[PDB]
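In what follows, a single structure is set out as structure tokens and then discussed.
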Amino acid sequence: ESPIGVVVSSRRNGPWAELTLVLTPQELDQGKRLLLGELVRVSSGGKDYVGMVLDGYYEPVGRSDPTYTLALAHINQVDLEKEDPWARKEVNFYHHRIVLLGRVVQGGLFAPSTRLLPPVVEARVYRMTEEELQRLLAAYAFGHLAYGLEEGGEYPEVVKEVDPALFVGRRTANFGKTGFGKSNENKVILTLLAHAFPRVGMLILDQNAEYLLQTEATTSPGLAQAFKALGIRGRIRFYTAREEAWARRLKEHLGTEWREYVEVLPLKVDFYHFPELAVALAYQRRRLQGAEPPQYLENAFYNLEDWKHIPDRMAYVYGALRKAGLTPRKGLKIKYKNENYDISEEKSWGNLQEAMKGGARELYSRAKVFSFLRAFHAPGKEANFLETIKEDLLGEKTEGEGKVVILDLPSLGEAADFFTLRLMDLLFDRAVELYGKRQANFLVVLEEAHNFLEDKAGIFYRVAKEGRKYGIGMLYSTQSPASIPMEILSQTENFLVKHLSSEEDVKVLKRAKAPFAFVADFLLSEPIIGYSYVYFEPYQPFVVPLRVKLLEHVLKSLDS
Amino acid sequence: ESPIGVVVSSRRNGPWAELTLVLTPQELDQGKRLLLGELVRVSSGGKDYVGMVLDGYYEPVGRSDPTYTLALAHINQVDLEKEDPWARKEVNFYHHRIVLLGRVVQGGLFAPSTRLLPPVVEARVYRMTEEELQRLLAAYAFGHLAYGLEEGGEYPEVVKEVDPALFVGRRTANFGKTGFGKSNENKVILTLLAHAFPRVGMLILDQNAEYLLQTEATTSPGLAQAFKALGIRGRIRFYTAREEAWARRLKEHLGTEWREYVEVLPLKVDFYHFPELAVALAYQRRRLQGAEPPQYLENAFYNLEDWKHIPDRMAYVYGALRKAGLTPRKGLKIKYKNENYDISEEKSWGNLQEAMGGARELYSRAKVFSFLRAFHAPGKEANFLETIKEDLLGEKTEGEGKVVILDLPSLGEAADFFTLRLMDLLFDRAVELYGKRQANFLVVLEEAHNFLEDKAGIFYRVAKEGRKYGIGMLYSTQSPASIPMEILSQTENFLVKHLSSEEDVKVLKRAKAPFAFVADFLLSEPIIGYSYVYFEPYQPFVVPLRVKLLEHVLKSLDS
DNA sequence: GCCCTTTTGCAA
DNA sequence: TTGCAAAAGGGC
Ligand SMILES: Nc1ncnc2c1ncn2[C@@H]1O[C@H](COP(=O)(O)OP(=O)(O)NP(=O)(O)O)[C@@H](O)[C@H]1O
Ligand SMILES: Nc1ncnc2c1ncn2[C@@H]1O[C@H](COP(=O)(O)OP(=O)(O)NP(=O)(O)O)[C@@H](O)[C@H]1O
């Protein structure tokens, strides 16, 4: 209820205003202290500012020689707190430096910095109450305010809550050394969003096989286990090429009713049912590559729909698929001229090949251009998982349904990169096509993003630049700010930063966002696991230190 | 049990907290001193911190003129000690700077640094005892605490112990200039791990041919000799292309029963027995060098399994292998059309070649297989890539623990491709096995600057993603500046010997902040076997150790 | 990493 | 017989 110290000086140091505070022997003897990085209230001219404690140093006050006095007391062996109160009362001062960050105005908005420097005689500094801190953070907890690991510097009641307005339609970056909590942070945010706001969809690109089932003691549990614990049914769609191994695994950990929580789907299709899909994939593979699809590929890409009415034209497409190595289902009848062959049988295949046009004959001749499709082909599938995912995420059925689509990238081997690029392109094109009718309203979860946001001409770069218009959020983790382009870093809205050991990383971070210049020293020298610095635009344009929650504790606590 | 001096000031300097200590005439007369780099205890507000002595200088205390006083005493032949005790009490002061490293939490983890700056009247500084130091380092000795070469800074009873939790799933950097003990440190750590925790596997990429046998006086013995000394049997798998020479050396230097300790396997295979492996290697080469595989290679890669059931396609595959220069075993027969040939004979080889599609294009582009000559040997019939994969990640090999050593020089110029292929295969298998068994093995590589850069980033991926699967890295480079910051910023354990260059210490400090406190010691103290160690997050501060010789470790352990 | 150079088929 | 395409290796 009273000022902590006395303000004795103030100035403008660069783009910020700073002031000097002095703590007296009485206040120090009452146990009053100020922690570095602590948030305080500054009253000046009838206006309230938020301030941060930056520095602290000892300096003599008045006419005194603290060194001589203390050395003499030590030499003569006098207990300074019991024999010489007046000697103890002339050296027990302490100095602090406080920077003004801005002030809260009108409807919770933040006015940054200031043009008015406060005179010393009329400036006061106050300890901030939990109600004030709660208002500061607010205008399903994910973390709570903390200062380092000091006792008394923890505020379990001051929390930052998850809210779809914070994440959907906006870009979030998750940085930190390996082993410090990026994946746990992501999973806690996603579980809270799924539990509290069930109309938000997620597209998780799982490259390490950890976001569905995770039983080893090296990470937090998976989303399937979290959803089973919280009683969330029928919201996970898992795509994989190991649909039998994963089905076996799910039954040991989710029990006999695992199908109520997870739906396993294959990443394989029958290309004798989707020749247009085969041709489109072969055509797009080269655009995603350097450049210049061939003329015989553009011709097919544009005219295969026309060809479908001509059995002679379609016979050459099926022959190209069969010659590239794709296995047909037993009893597949191909009609040529005035005869029907069974390509599944070697004798009929040879007969038709010997017995065998708008550009389809060139496609048949250059059949080895389809061999890569054999990484996706499986006879008897007839699914088109690309379209299946498209209506999972952007289907008109939703208008708010909630769909967590998890892609098991490793199972695809060396086709995963091409598959990811193609799927992202399709989803973004559909989202653009639906503009003005419905919003996408889903979040792309992207780990090790430095492999996706490198080239400016990439679909992921384009999504990061233009997803806010169409309602697509992005949440990307990289372990190192220096791995991300500065153009993306500067345009990112939300930041969640754990410990970074390198000076270059913190320099890049503060070069991207100025307010991050006040925590670089803490980041460099405090390796604490699960301790985050969070920054949100435009309502919390300043860094706040949060202690993040374990997913196990969150699950055990949300049952109440 | 009493404070050393008096604290006269404190402040925040950069990311750390410092305080100033003054030593008085009585304490200086009693002989009490503080060594630079010594660890002390700081008591403040009922809490104990660990501090390090960083600086020391002489400064006048009070209103005095030490220069004039001392000069006058020297001029007037005045012996201060015996004649003027009062003039000697006003000049005999000394100053020290102490940095607060952090706070030890009993029943908990060390808390680094501090946000609370101590007032100068409430801080005390104490000397740390042997029990306190032992407790600090505890949270099979590998080294013992030592401060320089000064007498009284030697603590043989305060030791740092090898623990699998410090090394498995983590990265350890070993730096130092030539001849200062990096290889000895590596061998001591590996021998202690093998002896005490036999459930950890190792993959050593021996680029210098020193980790199996070492009989010269220019380095310490090898792992085979250490294991023979300690009685460890049936744990070393040695792969080489010089099997006969290495068997002769092993017999000569380990006796007749050397086969109970080392099992020697070749790095050669018969490609007429593994045509699918030949095609896979040819296909993976392009990706490993950053390019995109051609259509005729993707066709074979995806379709050779089907082709194996068609003798007409298999004839072209074998013809391509024979055209590339791969020697078949004596008496091999082909079955082109409904006829049989003997490609091992130069007559029927030409007969088939003149008597002669996906396989036809492979036969026409046969020169794509010539590099396989580096690994081909007729009549071998054992896939060494699969054998190594089973050794490191087997269903039953889990537990026992296996030490695989790769004799890289014997492969000549194919070693780079072999190493990249093996690492990619092992990482893919480890990722696929996530949830059923943990990899739990340590990749050991010397001259790491030659490995930690390549197209497709295989070693970058291993370093940045191996923690989840329990894949540890132990890489020695001899110069920090030669390691990318992308990999330096993900390292947890550091072991640094003397570095002469200024840029080396600057890079090390930029990579890990606390190493700013020992850079000046490193720059000016060339001591062999003196290592500064740092372990996150159990010991997040630099501790100076004297490391043991493997020769002495073996004698100590034999009992 | 990117810009020549070659064998091979389809045409007219 | 030559122009034109298309895939692939080699030189820079
Ligand atoms: N908030 C937290 N509180 C306590 N322990 C935590 C917290 N977050 C993470 N951990 C611990 O850190 C371990 C690894 O967490 P993890 O989420 O995998 O970090 P990470 O940043 O993803 N490492 P990586 O993905 O390899 O770069 C967990 O198994 C926990 O033991
Ligand atoms: N801890 C130690 N105590 C005493 N002598 C040691 C110690 N470590 C190394 N030496 C001596 O130094 C020599 C060289 O050791 P070594 O381990 O090969 O250093 P190095 O770092 O590997 N030099 P290099 O690998 O050639 O760049 C040994 O043969 C010993 O004579």
Side-chain angles (χ1 to χ4, degrees), chain A residues 142-144 146 174-189 206-208 210-211 214-222 447-450 477-480 496-500 527-532 546-554, chain B residues 109 142-144 146 169-171 174-189 207-208 210-211 214 216-222 446-448 461-471 476-479 489-490 492 495-499 526-531 537 545-553:
Chain A
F142 181 76
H144 70 252
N174 209 338
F175 304 121
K177 200 164 157 162
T178 180
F180 281 79
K182 296 189 293 296
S183 315
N184 184 357
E185 198 160 17
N186 289 358
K187 285 174 182 179
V188 161
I189 295 170
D206 203 11
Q207 273 193 108
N208 288 290
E210 59 170 350
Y211 268 84
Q214 153 63 30
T215 66
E216 300 287 357
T218 196
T219 304
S220 286
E447 293 253 22
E448 291 275 74
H450 62 288
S477 315
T478 190
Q479 272 186 359
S480 192
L496 308 163
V497 192
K498 275 73 69 178
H499 168 69
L500 307 158
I528 303 155
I529 289 166
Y531 189 53
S532 197
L546 285 190
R547 181 66 180 170
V548 189
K549 290 176 166 59
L550 263 186
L551 186 64
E552 299 91 298
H553 298 347
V554 160
Chain B
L109 196 66
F142 164 72
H144 72 254
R170 323 182 91 216
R171 281 81 65 194
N174 208 339
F175 304 123
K177 95 182 284 188
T178 48
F180 277 79
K182 296 186 294 291
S183 312
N184 178 81
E185 197 156 4
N186 285 350
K187 282 147 184 268
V188 170
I189 283 169
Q207 191 90 75
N208 286 296
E210 78 185 311
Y211 271 80
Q214 165 63 234
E216 298 295 347
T218 198
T219 318
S220 49
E446 298 259 2
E447 292 298 10
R461 197 181 178 198
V462 174
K464 289 154 79 70
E465 304 173 18
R467 181 200 67 82
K468 276 183 282 290
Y469 316 108
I471 299 166
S476 307
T477 190
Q478 163 175 140
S479 171
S489 64
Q490 306 307 326
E492 296 104 2
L495 320 166
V496 194
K497 269 71 69 182
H498 168 72
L499 302 159
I527 308 164
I528 285 157
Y530 190 52
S531 200
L545 294 184
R546 295 211 83 85
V547 193
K548 306 184 156 46
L549 270 177
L550 189 62
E551 294 81 1
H552 305 342
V553 172

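For ligands, and for the atoms within them, numbers begin at 1 and follow the listed sequence. Order of the sequence lines fixes the chain letters, A, B, ..., with proteins taken first and strands second; residue numbering starts at 1 for each chain. Basis for what follows: all heavy atoms, side chains included, without hydrogens, waters or symmetry-related copies.
The closest non-hydrogen atom to atom 2 (C) of ligand 1, taken over A:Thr219, A:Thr478, A:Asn184, comes from A:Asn184. Between atom 18 (O) of ligand 1 and the options B:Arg467, B:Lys468, A:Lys182, the minimum heavy-atom separation is to B:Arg467.
Heavy-atom contacts of B:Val547 reach the following atoms of ligand 2: 1 (N) (cutoff under 4.0 Å). Short contacts between ligand 2 and B:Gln478, defined as distances under 4.0 Å to a heavy atom of the residue, involve ligand atoms 27 (O). Taking a cut-off of under 4.0 Å to the non-hydrogen atoms of B:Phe180, the atoms of ligand 2 that pass are 19 (O), 21 (O).
Below 3.5 Å of separation, one finds no N or O of B:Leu549 facing any N or O of ligand 2. Considering backbone and side-chain N/O of B:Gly529, none are found under 3.5 Å from N/O of ligand 2. For ligand 2, the polar-atom distance check against B:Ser220 finds no nitrogen or oxygen pair separated by under 3.5 Å. Taking any N or O of A:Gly179, backbone or side chain, at least one lies under 3.5 Å from an N or O belonging to ligand 1. At under 3.5 Å, not a single nitrogen or oxygen of B:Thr178, backbone or side chain, sits near a nitrogen or oxygen of ligand 2.
Under the 4.5 Å side-chain criterion, counting only non-hydrogen atoms from C-beta, A:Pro527 is not in contact with A:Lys177. Within the 4.5 Å cutoff, side-chain heavy atoms of A:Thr219 are placed close to those of B:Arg467. By the 4.5 Å heavy-atom criterion applied to side chains, B:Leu495 and B:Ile189 are counted as neighbours. Two residues are said to be in side-chain contact when any heavy atoms from C-beta on lie closer than 4.5 Å; A:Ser480 and A:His450 fail this criterion.
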Determine whether A:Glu210 and A:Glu447 satisfy the following criterion, side chain to side chain contact (heavy atoms under 4.5 Å, CB included), listing intermediate values before the conclusion.
CA-CA 11 Å; A:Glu210 59 170 350; A:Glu447 293 253 22; 4.0 Å; yes
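Panel note: side chain A:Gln214, backbone A:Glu216; a donor-acceptor pair is recorded below 3.5 Å. A donor-acceptor pair under 3.5 Å is absent between the side-chain atoms of B:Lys182 and the main chain of B:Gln478, judged by distance alone.
What you find for A:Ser220 and A:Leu550 is that their closest heavy atoms are OG-CD2, 4.1 Å.
Closest to atom 11 (C) of ligand 1 among all protein heavy atoms lies A:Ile529 CG2, 3.8 Å. Of all protein heavy atoms, the one closest to atom 22 (O) of ligand 1 is A:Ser183 OG, 2.6 Å. At the top of the distance list for atom 19 (O) of ligand 2, counting protein heavy atoms only, stands B:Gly181 N, 3.1 Å.
The ring pair (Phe, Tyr, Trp, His ring centres under 6.0 Å) test applied to A:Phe180 returns A:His499, not counting sequence neighbours. Listed by chain and number, the residues in a salt bridge (charged side-chain N to carboxylate O under 4.0 Å, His left out) with B:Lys187 amount to none (sequence neighbours excluded).
For atom 27 (O) of ligand 2, the nearest protein heavy atom is under 4.0 Å away. Not a single protein heavy atom sits closer than 4.0 Å to atom 31 (O) of ligand 1. Using a 4.0 Å threshold on non-hydrogen atoms, atom 6 (C) of ligand 2 counts as touching the protein.
Between the side chains of B:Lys548 and B:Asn184, not a single donor N or O lies within less than 3.5 Å of an accepting N or O.
Proximity of B:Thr218 to ligand 2, defined as any heavy-atom pair under 4.0 Å, is confined to the backbone N, CA, C and O atoms.
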